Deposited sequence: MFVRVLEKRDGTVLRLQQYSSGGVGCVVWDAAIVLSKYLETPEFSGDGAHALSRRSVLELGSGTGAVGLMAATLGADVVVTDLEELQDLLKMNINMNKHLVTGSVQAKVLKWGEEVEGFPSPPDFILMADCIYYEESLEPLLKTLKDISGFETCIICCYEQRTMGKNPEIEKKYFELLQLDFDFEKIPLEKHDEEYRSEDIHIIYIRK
């Protein structure tokens, strides 16, 4: 297991344990770094004492980042990730200023009162990112929820048609905008990784 340090604008370091062995959510992906670093931007701020749900949390990278900015966040992923999520919470407990807790949530199922933000990073990549994920997103989301989706535009085999359909379905219940590349973190940004905003 190898540890990503994720440096914060204020100097503290998030440390995410990663496993070269498990499923895809056992390493930090670059959409995670992009999203995390974007939450830290001046034009963003504003997470303090707010309700954050993270889907596809995997390593916990983004949810943990939000937990250190003052939010009350629930990091959710499949049963296989709960022990990593918990290990990574323990790794960073000393920096959580709001609150964080690990829960199981498989998309297309149900488990509150609607959350302020919903954060996703690199969740749109296979069959379950389609009908099941939008079910969960259509459910949890109130009308004043700000869902923020971060993902890497991929070009190989089954990935581009999942990304195509996923926006062909998002129009059914949701309005979306893509935030320009220059509002991303100055250094941790890339022409092929997209931060997009959702409402309704």
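Participant: Where does the model skip over parts of the deposited sequence?
Facilitator: No C-alpha for residues 46-50, 117-119.
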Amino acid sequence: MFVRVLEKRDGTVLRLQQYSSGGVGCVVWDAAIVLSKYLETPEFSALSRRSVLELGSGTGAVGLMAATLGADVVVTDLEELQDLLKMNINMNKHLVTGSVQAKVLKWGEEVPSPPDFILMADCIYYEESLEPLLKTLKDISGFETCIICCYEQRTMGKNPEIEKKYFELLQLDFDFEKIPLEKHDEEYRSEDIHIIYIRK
From here on, numbers count along this sequence of modelled residues.
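Participant: Mean CA temperature factor from the deposited coordinates, higher in 124-132 or in 97-105?
Facilitator: Per the PDB record, 124-132.
Participant: Can you tell me whether 173-181 has a higher mean C-alpha B factor than 186-194 in this record, or the other way round?
Facilitator: Averaging CA B-factors over each stretch, the winner is 173-181.
Participant: Checking the entry, which one of 38, 29, 143, 151 has the top C-alpha B factor?
Facilitator: If I rank 38, 29, 143, 151 by C-alpha B-factor, first place goes to 143.
Participant: Select one of 137, 46, 67, 53: the residue whose C-alpha shows the highest B-factor in the crystal structure entry.
Facilitator: So the option with the highest C-alpha B-factor is 137.
Participant: With respect to C-alpha B-factor, does residue 87 fall in the lowest, middle or highest third of the chain as deposited?
Facilitator: Ranked within chain, residue 87 CA B lands in the middle tercile.
Participant: Can you tell me which third, lowest, middle or highest, the CA B-factor of residue 71 falls into for its chain?
Facilitator: Its C-alpha B-factor, which the entry lists for residue 71, ranks in the lowest third among residues of this chain.
Participant: What third of the chain, by the recorded C-alpha B-factor, contains residue 111?
Facilitator: For residue 111, whose C-alpha B-factor we compare with every modelled residue in the chain, the answer is the highest third.
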